[PDB]
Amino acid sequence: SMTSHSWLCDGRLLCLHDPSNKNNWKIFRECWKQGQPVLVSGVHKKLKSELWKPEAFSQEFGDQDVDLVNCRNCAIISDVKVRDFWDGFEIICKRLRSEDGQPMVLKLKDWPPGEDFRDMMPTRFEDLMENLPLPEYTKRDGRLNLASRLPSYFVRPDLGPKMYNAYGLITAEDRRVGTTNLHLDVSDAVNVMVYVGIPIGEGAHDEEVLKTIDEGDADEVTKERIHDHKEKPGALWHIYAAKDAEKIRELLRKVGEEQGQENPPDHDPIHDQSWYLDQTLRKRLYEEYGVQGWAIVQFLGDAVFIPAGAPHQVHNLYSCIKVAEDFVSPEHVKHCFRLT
């Protein structure tokens, strides 16, 4: 039976089922005021699927110059064509190879660049912005988005949206690597999974994905969306409450010191964007500092809401196209204030 919502993370995470339901705000706002993330499923059913394919991005924009990141070692591949990324998105025999002769796991950096999404891709911009869930919060001029209404005493977000494109992590060694390392944002964000590419060539890569979700601490209900509904899983997130950010800095300064880093006692390991919390570090955070997070699997068409100030990291299971919009809710405006 169709239902308005359900719970993940053993009741700690709201999952809304109908992205365009005019009554969603009634269920959302209680959870949001407490500093919790929220998941909304089904956004892919609202979109024009032909606008969000890797082959279309390659055909239309393939001659642009871009930099890539090697996710395994953080090395930068400078000044290549954007088709060199897109044509290896699903077909492994077309990926750029490292020295060892293996195909690389690549992230496309800052594309489209800065604030240029709307000018470069007007039809994509319209399709996304007209179908975002919780539109009073998430649209540029929504009644509950303060972004356009605040003075310079507040850090204001850039004009969006921002696209996040990267291959899936593959091997057992890759389990400990991030697609996007642990960081925080002073604005709220909504992050939509618009495409998941499950490859061919080294296709049959199903079993390392299940060990990653299990060791990642995913709940039993999330393990059912795979085995029962056959939905496409994109990315594993870990999100932490804004109130736990300083305890996470204390753990990472202790671990940086153990690993022979020489950092001043006040340096900020979250702002540095240099860490990925693997199974070992997530257990140490819980046991030694008393901090629990939310482990979230983002499937095709899932919208993740990330509260301002909340530390979070992202690990792609398969090749992903994500599109994210920043906003400033009244519930979390304290996090972008420039005084006290």
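C-alpha atoms forming the largest set that superposes within 1.5 Å between two forms make up the rigid core. We number the residues from 1 along the sequence you see.
A.B. asks: With everything overlaid on the rigid core, name the stretch, 246 to 254 or 229 to 237, whose CA atoms wander farther on average in 8 other deposited structures of this protein.
C.D. replies: Once the core is superposed, the stretch further away in 8 other deposited structures of this protein is 229 to 237.
A.B. asks: Quick check: 254 to 262 versus 95 to 103, which has the larger average CA B-factor in the record?
C.D. replies: Mean B over CA atoms: larger for 254 to 262.
A.B. asks: When the C-alpha temperature factors are averaged for each of 220 to 228 and 127 to 135, which stretch ends up with the higher value in the entry?
C.D. replies: Between 127 to 135 and 220 to 228, it is 220 to 228 that shows the higher mean C-alpha B-factor.
A.B. asks: Per the entry's Cα B factor values, which of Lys211, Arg249, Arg83, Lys243 stands out as the maximum?
C.D. replies: Top of the list by C-alpha B-factor: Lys211.
A.B. asks: So if I compare the CA B-factors in the entry for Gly88, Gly178, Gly234, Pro157, which one is the largest?
C.D. replies: Of the options given, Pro157 has the highest CA B-factor in the PDB entry.
A.B. asks: Would you mind ranking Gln64 by its C-alpha B-factor against the rest of the chain and naming the third, lowest, middle or highest?
C.D. replies: Within its chain, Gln64 is a middle-third residue by C-alpha B-factor, going by the deposited values.
A.B. asks: With respect to C-alpha B-factor, does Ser274 fall in the lowest, middle or highest third of the chain as deposited?
C.D. replies: Answer is highest: the recorded C-alpha B-factor places it there.
A.B. asks: Please rank the C-alpha B-factors of the chain's modelled residues and tell me whether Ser148 sits in the lowest, middle or highest third.
C.D. replies: CA B-factor rank for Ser148: highest third.
A.B. asks: Can you tell me which third, lowest, middle or highest, the CA B-factor of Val196 falls into for its chain?
C.D. replies: Middle third by C-alpha B-factor.
A.B. asks: Would you mind checking where the Cα B-factor of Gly203 ranks among the modelled residues of its chain, as the lowest, middle or highest third?
C.D. replies: Highest third of the chain for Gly203's C-alpha B-factor.
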